[PDB]
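Below, each value reflects all heavy atoms present in this structure, side chains not excepted, and no hydrogens, waters or symmetry copies. Residue numbers start from 1 in every chain, and the chains themselves are labelled A, B, ... in the order their sequence lines are given, proteins ahead of strands.
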Amino acid sequence: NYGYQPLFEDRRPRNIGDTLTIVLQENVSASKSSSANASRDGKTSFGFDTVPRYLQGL
Amino acid sequence: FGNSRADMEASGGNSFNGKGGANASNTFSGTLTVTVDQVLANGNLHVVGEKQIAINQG
Ligand SMILES: CCCCCCCCCCCCCCCC(=O)O[C@H](CCCCCCCCCCC)CC(=O)N[C@H]1[C@@H](OP(=O)(O)O)O[C@H](CO[C@@H]2O[C@H](CO)[C@@H](OP(=O)(O)O)[C@H](OC(=O)C[C@@H](CCCCCCCCCCC)OC(=O)CCCCCCCCCCCCC)[C@H]2NC(=O)C[C@@H](CCCCCCCCCCC)OC(=O)CCCCCCCCCCC)[C@@H](O)[C@@H]1OC(=O)C[C@H](O)CCCCCCCCCCC
Ligand SMILES: O=C(O)[C@H]1C[C@@H](O)[C@@H](O)[C@@H]([C@H](O)CO)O1
């Protein structure tokens with residue numbers, strides 16, 4: 001090979017045949033949450049158990 | 001509402017759970033002396049090596 005080569009550079013790959021080292025160190029994490037609620041409660045009462053003579057009509 | 005005409009009661013449920021996973025690991029802790037096969041245009045060396053060990057029964 002007659003190609004020029006720098007002395008002080010970091011010897012990065014530059015041509016087709018050059019080799020490079022890859023450190024994967026891949027780490028991905030995704031999360032998703034959702035919630036919903038709805039509560040309705042009702043309860044009504046009414047009773048005499050004793051009615052006046054004048055109110056017995058109703 | 002004299003009878004149970006309006007009396008109502010109902011329940012419903014729907015539960016789903018899905019999971020998935022995968023793992024893949026490998027390790028290698030040896031030392032092998034190889035020989036150059038050819039010299040590439042950029043100066044990289046193609047190395048091939050082989051070592052056979054017959055401890056016993058194989
Ligand atoms: C947002 C506000 C808007 C305004 C709303 C206006 C009011 C909106 C309306 C509210 C009132 C509900 C109407 C109920 C009667 C009715 O029409 O709807 C019925 C179906 C229900 C539909 C309602 C959906 C509304 C939908 C909701 C709408 C809401 C908006 C049909 C029906 O009619 N069903 C019917 C049938 O059943 P059956 O199907 O099986 O056959 O026959 C059986 C057997 O009949 C009985 O027999 C008895 C003997 O056996 C006999 O006694 P006896 O003496 O003879 O012995 C006895 O006679 C008697 O009461 C004898 C005598 C009693 C006097 C005692 C003193 C009481 C004073 C009491 C004073 C009251 C004080 C407020 O009378 C009366 O003078 C009644 C008083 C009149 C007051 C007038 C108000 C002046 C304003 C005074 C103002 C005061 C100012 C401070 C006989 N009673 C009857 O006939 C029935 C009827 C005879 C009518 C002739 C009298 C002149 C009416 C003249 C005019 C009336 C017009 C309305 O009286 C009533 O109640 C009428 C009540 C009216 C109140 C309105 C208030 C307006 C405010 C004004 C506001 C603007 C009944 O049981 C059954 O009726 C019952 O069960 C009813 C039960 O009791 C009482 C439960 C009340 C609980 C509260 C409701 C709770 C319900 C809540 C859930 C929904
Ligand atoms: O007023 C009506 O229409 C009703 C009152 C109830 O009794 C109901 O159940 C029906 C019955 O089927 C008659 O046989 O009649």
Same hydrophobic cluster for B:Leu32 and B:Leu45, using side-chain heavy-atom links shorter than 4.5 Å among ILVMFWY? yes

Are there donor-acceptor atom pairs under 3.5 Å between chain B and chain A, and if so which?
{"residue": "B:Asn42", "atom": "ND2", "partner": "A:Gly17", "partner atom": "O", "Å": "3.1"}
{"residue": "B:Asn44", "atom": "ND2", "partner": "A:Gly17", "partner atom": "O", "Å": "3.4"}

Per-pair distances, 0.1 Å, donor-acceptor, side chain in residues 50-58 of chain B, under 3.5 Å, sequence neighbours excluded:
{"residue": "B:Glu50", "atom": "OE2", "partner": "B:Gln52", "partner atom": "NE2", "Å": "2.4"}
{"residue": "B:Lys51", "atom": "NZ", "partner": "B:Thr31", "partner atom": "O", "Å": "3.3"}

Would you say that more than 12 heavy atoms from the other residues, nucleotides or ligands in this model lie under 6.0 Å from the CD1 of A:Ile16, or not? no

Do B:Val36 and B:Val34 sit in the same hydrophobic cluster, where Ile, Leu, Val, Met, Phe, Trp and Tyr count as joined when their side-chain heavy atoms come under 4.5 Å apart? yes

